[PDB]
Amino acid sequence: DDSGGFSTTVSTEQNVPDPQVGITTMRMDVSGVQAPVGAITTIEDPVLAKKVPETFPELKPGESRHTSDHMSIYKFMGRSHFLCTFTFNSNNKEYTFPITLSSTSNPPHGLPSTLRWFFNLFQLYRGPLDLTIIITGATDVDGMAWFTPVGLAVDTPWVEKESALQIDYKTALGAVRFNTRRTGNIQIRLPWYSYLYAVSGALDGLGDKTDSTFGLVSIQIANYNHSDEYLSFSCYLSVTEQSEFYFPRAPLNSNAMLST
Amino acid sequence: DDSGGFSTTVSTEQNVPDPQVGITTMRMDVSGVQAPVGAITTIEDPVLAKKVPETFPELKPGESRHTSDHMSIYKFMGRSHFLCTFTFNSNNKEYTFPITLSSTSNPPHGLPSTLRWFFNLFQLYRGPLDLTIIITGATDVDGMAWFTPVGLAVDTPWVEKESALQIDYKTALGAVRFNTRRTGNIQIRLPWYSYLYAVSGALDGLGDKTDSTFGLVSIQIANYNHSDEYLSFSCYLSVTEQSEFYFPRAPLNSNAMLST
Amino acid sequence: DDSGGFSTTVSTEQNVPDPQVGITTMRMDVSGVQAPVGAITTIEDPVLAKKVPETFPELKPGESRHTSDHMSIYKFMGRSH
Amino acid sequence: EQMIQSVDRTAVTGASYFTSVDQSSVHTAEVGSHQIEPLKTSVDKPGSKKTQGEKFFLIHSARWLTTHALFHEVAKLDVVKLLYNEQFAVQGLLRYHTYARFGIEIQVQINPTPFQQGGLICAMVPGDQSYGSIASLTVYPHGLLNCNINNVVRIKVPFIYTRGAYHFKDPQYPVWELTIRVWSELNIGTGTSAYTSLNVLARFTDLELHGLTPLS
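Protein chains in written order, with my numbering: chain R, 3 to 262; chain L, 3 to 262; chain F, 330 to 410; chain E, 88 to 303.
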């Protein structure tokens with residue numbers, strides 16, 4: 003033995019993910035003739051809990067009618083879901099919004115409907131994202147959007163104010179230059195910039211305000227505005243293929259799944 | 003015998019589709035010298051009804067003058083035909099229109115001219131479509147168009163009203179983001195999303211309001227409008243190659259083929 | 330399976346006639362040395378009810394003294410009643 | 088000389104039980120076929136007589152008490168007559184048929200708590216509960232119940248009848264019959280449950296159906 007101990011009652015580590023592929027395909031009757039040993043069993047024994055279940059004479063259900071597997075995460079969360087929305091009001095206003103994976107963060111200030119349920123299904127999170135935003139409203143506004151990692155300084159989140167950060171801090175880290183008239187669309191990778199390894203979904207104390215958040219995107223505009231028309235932005239987050247999930251968690255209640 | 007029965011009078015299943023390819027090509031005289039056995043026959047016998055017809059000395063007609071077969075459905079219905087048209091009037095008005103294959107649905111509220119004749123030629127229908135719409139009128143309007151399957155909730159069809167559906171319900175299912183100025187055109191696949199298998203053209207009762215319809219596209223706008231100019235949309239439906247037709251039906255009368 | 334069912338508790342059709350020929354003949358000790366497994370048993374199990382019974386060290390009783398089998402019906406009811 | 092084919096006139100067409108000879112025949116039209124589904128909306132086997140006749144029917148259930156003295160007749164139940172009933176699945180096979188041959192599979196389920204003692208007996212009795220002995224009922228294919236070893240037994244019995252087949256609409260006599268005598272009395276202590284449950288399941292084996300009737 004490696005540790006010099008022993009084990010008598012059969013009970014070990016439990017709930018290893020991915021038991022089965024969810025698209026319906028054929029791997030005749032499944033049960034029937036033989037008496038069902040998989041109906042009655044011991045759930046207190048996890049080896050006896052992993053027995054092939056049956057209760058009735060069943061046969062092959064057949065195949066499915068869509069090759070697109072709607073039960074893998076990498077093609078399920080490809081549809082981009084809501085994050086936040088915000089409007090500008092005056093000249094050179096700098097807006098700042100984080101990406102706070104905490105379930106304590108009720109919407110709008112935090113995770114809304116689909117992001118709050120999905121990113122509180124699991125404990126650990128590592129990988130880059132995708133963000134899709136839409137320019138809506140007044141045209142010919144030359145703004146700038148940039149990412150800021152953890153540790154580095156940035157302006158106050160969820161607050162529209164004037165920018166207190168210089169342009170040499172903004173040009174050195176990384177941003178984009180675009181007008182509302184040229185292309186009107188942003189589909190951006192969110193870089194995984196942290197000295198810590200992974201981020202969590204539901205923590206407490208100072209670990210919640212530090213180890214749940216990973217990144218932040220803040221926007222300052224210019225040439226807004228001429229003759230009075232509101233400019234509205236809205237953030238939709240999407241997924242990429244370099245992220246992996248860890249420790250499947252009990253999903254949230256029907257109460258904290260708040261929709262916007 | 004499989005069923006232990008017998009059959010004396012020759013009469014079986016009738017009207018199997020696709021007897022012939024309709025482009026004119028050569029597979030000398032066709033008839034003439036030999037006496038016509040195919041003129042006089044018994045139509046009450048379907049084997050004698052499938053005899054090669056002739057009445058006169060005929061010969062080869064020749065070939066046609068267009069390689070494009072104008073008698074196959076996959077290249078005939080490639081031309082997109084009218085579905086509906088609608089205009090917006092105020093701010094954030096949400097419009098909702100279905101795709102109702104029922105022949106009871108008189109135009110505009112339902113199938114117009116070419117769609118009402120064509121999609122009541124056959125009983126069963128399975129496959130995805132194509133929709134081509136045109137933005138006409140006032141410019142710089144940032145709207146959103148989305149599909150909703152059967153079973154799921156959506157707003158009231160053929161009614162321009164305010165949206166009672168939240169954006170997290172709209173971003174999770176699937177939509178598009180576009181302005182009238184950027185591209186001004188939509189050519190979209192209509193997804194075949196149903197737990198039922200196929201849809202029909204002419205039914206009665208609760209089967210007509212459920213098993214004839216398959217899908218619905220509903221649109222809410224924003225930034226409409228500035229200085230008063232009408233925005234008009236019009237829907238034209240087109241066909242794709244993954245759909246198949248079933249049970250050729252008697253075509254409609256000259257009365258219900260109503261044109262718009 | 331022919332009927333697609335199953336059976337868990339051992340209980341089947343019972344009381345098949347003619348277990349033994351009743352004239353006494355030899356087919357040494359019958360029991361003794363070995364401990365009697367046929368004394369104590371389960372009568373609710375018919376397979377365990379068909380066990381060879383014993384309780385004591387016994388041996389061969391011997392043969393009978395009439396060749397006429399007085400325990401077959403075809404020679405018992407030959408006497409007319 | 089070329090001959091034009093015609094339609095057939097006289098042929099033996101019709102079912103084996105539903106037979107009509109026509110003097111003017113016609114070819115029956117048939118389009119399509121029995122299309123198989125790679126996606127079946129249900130995951131079961133298709134229904135048959137093998138899965139409808141061979142399924143246990145609760146034909147009787149009782150409750151044996153302490154006050155029942157020795158060899159008291161707790162239940163007097165008929166086997167096939169309770170099987171021929173509208174509230175079961177074999178009514179769809181026995182209403183449209185008159186003469187039958189079958190084998191009977193009885194399964195009896197009781198439940199003692201092991202602080203009770205006593206015994207029960209279930210016997211498959213053909214013909215009569217006549218002057219034959221109660222203390223000789225082990226010659227029948229029977230079951231013996233106990234508060235010590237087991238609580239569910241099942242009994243297989245054949246078709247025992249004088250004639251060839253059984254008439255449902257007017258039987259000569261019932262083929263089988265089950266009885267429940269108190270084989271040993273129910274004795275308890277203070278606070279122990281003074282009762283036990285009882286169930287009688289039944290099904291057919293090797294079913295034969297003949298003599299279709301149009302009437303009910």
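Beta carbons are placed, not taken as given, at the ideal position from N, Cα and C, and that holds for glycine.
Query: Throw me the rounded Cβ distance for the residue 53 (chain R) and residue 39 (chain R) pair, which I believe falls under 8 Å.; Result: 7 Å
Query: Give the residues of chain R in contact with residue 337 (chain F), contact being defined as C-beta atoms less than 8 Å apart.; Result: 37
Query: Sort R:120, R:49, R:63 by Cα distance to residue 76 (chain R) and report the nearest one.; Result: R:120
Query: Who pairs with residue 230 (chain E) in a beta bridge, going by DSSP?; Result: E:209
Query: Inspect the CB distances between the segment 214-234 of chain L and the segment 147-158 of chain L and report whether three or more fall short of 8 Å.; Result: yes
Query: Within the same chain, show all residues whose beta-carbon is closer than 8 Å to that of residue 259 (chain L), passing over the 5 residues directly before and after it, in chain order.; Result: 115, 118, 119
Query: Nearest CA to the CA of residue 212 (chain E): which residue from E:167, E:113, E:89?; Result: E:167
Query: Chain E beta carbons: is any one of them nearer than 7 Å to that of residue 64 (chain R)?; Result: yes
Query: Quick one: what's residue 244 (chain E) bridged to in DSSP?; Result: E:191
Query: Between residue 195 (chain R) and the rest of its own chain, which residues show a CB-CB distance below 6 Å, the 5 nearest in sequence each way excluded?; Result: 151
Query: Would residue 377 (chain F) and residue 371 (chain F) qualify as a contact pair, given that the criterion is a beta-carbon distance under 7 Å?; Result: yes
Query: Run through chain E and tell me which residues come within less than 8 Å of residue 31 (chain R), C-beta to C-beta.; Result: 132
Query: Between the segment 337-354 of chain F and chain E, which residues of the former have a C-beta closer than 7 Å to a C-beta of the latter?; Result: 338, 340, 341, 342, 343, 344
Query: Does the Cβ of residue 95 (chain L) have 16 or more other Cβ atoms within 10 Å, making it buried, or fewer, making it exposed?; Result: buried
Query: So is residue 136 (chain E) in contact with chain F if we call contact Cβ pairs under 7 Å?; Result: no
Query: Let me see if you follow: with CB-CB separation under 7 Å, is residue 124 (chain E) close to chain R or not?; Result: yes
Query: Counting only C-beta atoms, is residue 293 (chain E) closer than 7 Å to chain L at any point?; Result: no
Query: Pull up the distance between the alpha-carbon of residue 86 (chain L) and that of residue 93 (chain E), whole angstroms please.; Result: 54 Å
Query: Unbroken beta strand (DSSP E) runs of length 3 or more, entirely within the segment 102-151 of chain R: which are they?; Result: 124-128, 131-139, 144-150
Query: Could you work out which residue in E:300, E:222, E:178, E:249 is closest to residue 290 (chain E) when comparing CA atoms only?; Result: E:178
Query: Confirm, please, whether the CB-CB distance from residue 90 (chain L) to residue 223 (chain L) is below 7 Å.; Result: yes
Query: Relative to chain L, which residues along the segment 82-103 of chain R have a C-beta separation below 7 Å, given in chain order?; Result: 82, 83, 84
Query: Using 7 Å as the limit for Cβ to Cβ distance, is residue 190 (chain E) near chain L?; Result: no
Query: Any Cβ of chain E within less than 7 Å of the Cβ of residue 4 (chain L)?; Result: no
Query: Which value, in whole angstroms, describes the spacing of the CA atoms of residue 295 (chain E) and residue 229 (chain E)?; Result: 25 Å
Query: Any idea if residue 187 (chain E) is buried or exposed, counting beta-carbon neighbours within 10 angstroms, 16 or more meaning buried?; Result: buried
Query: Quick one: what does DSSP say residue 209 (chain L) is sitting in, helix, strand or coil?; Result: helix
Query: Counting only Cβ-Cβ distances shorter than 7 Å, please list the residues of the segment 138-154 of chain R near chain L, keeping chain order.; Result: 138, 139, 141
Query: Who are residue 151 (chain E)'s beta bridge partners in DSSP?; Result: E:283
Query: Residues of chain E with CB closer than 9 Å to the CB of residue 67 (chain R), please, in chain order.; Result: 125, 126
Query: Would residue 243 (chain E) and residue 173 (chain E) qualify as a contact pair, given that the criterion is a beta-carbon distance under 7 Å?; Result: no
Query: In chain E, what lies closer than 8 Å to residue 61 (chain R) by C-beta?; Result: 130, 131, 132
Query: For the segment 244-262 of chain L against the segment 122-139 of chain L, do three or more pairs of beta-carbon atoms, one drawn from each stretch, fall closer than 8 Å, so that the two count as touching?; Result: yes
Query: Helix, strand or coil: how does DSSP classify residue 170 (chain R) here?; Result: helix
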